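[1] how does the following fold in three dimensions:
(chains A and B)
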Amino acid sequence: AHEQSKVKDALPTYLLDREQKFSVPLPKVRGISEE
Amino acid sequence: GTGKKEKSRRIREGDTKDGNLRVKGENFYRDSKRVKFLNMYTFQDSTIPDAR
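    Residues are numbered from 1 along each chain as shown, chains lettered A, B, ... in the order given. Structure as follows:
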């Protein structure tokens, strides 16, 4: 950070300065057996 | 018998035409709907299903 400093999504005026092929995400789930 | 015999009752009711579904314990008291229920009082196959 010191080295970088030594070198030298637009939002409305009211939101600034504020805190911010159909497969399932997890196919082939673990095969929990009848146990 | 003669009436006490279950064969006569089956013949009279006509269930003999479809006796393939004869459930173990088919009697006047506690018919299949009850025999199956009671049998549950008598899940560990450890099968490996593909959860796809």
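[2] please make it C-alpha for all contacts and neighbour counts, starting now.
    Will do.
[3] count of neighbours near residue B:16?
    As a burial measure, residue B:16 scores 15 neighbours (other C-alpha atoms under 10 Å in any protein chain shown).
[4] hmm, residue B:9 and it touching each other?
    No. With contact defined as C-alpha atoms under 8 Å, residue B:16 does not reach residue B:9; the gap is 9.5 Å.
[5] what sits against the residue nearest to the spatial centre of chain B?
    The centroid of chain B falls nearest to residue B:23 when counting by C-alpha atoms, centre = their mean (2.2 Å). Residue B:23 makes contact with residue B:32, according to C-alpha atoms under 8 Å, 6 or more residues apart in numbering or on different chains.
[6] so how far is chain A from it?
    27 Å (C-alpha to the nearest C-alpha, to the nearest Å).
[7] helix or strand: which one has that residue?
    Under DSSP states H and E, no helix or strand contains residue B:23.
[8] from residue B:12, how far out is it?
    18 Å (C-alpha to C-alpha, to the nearest Å).
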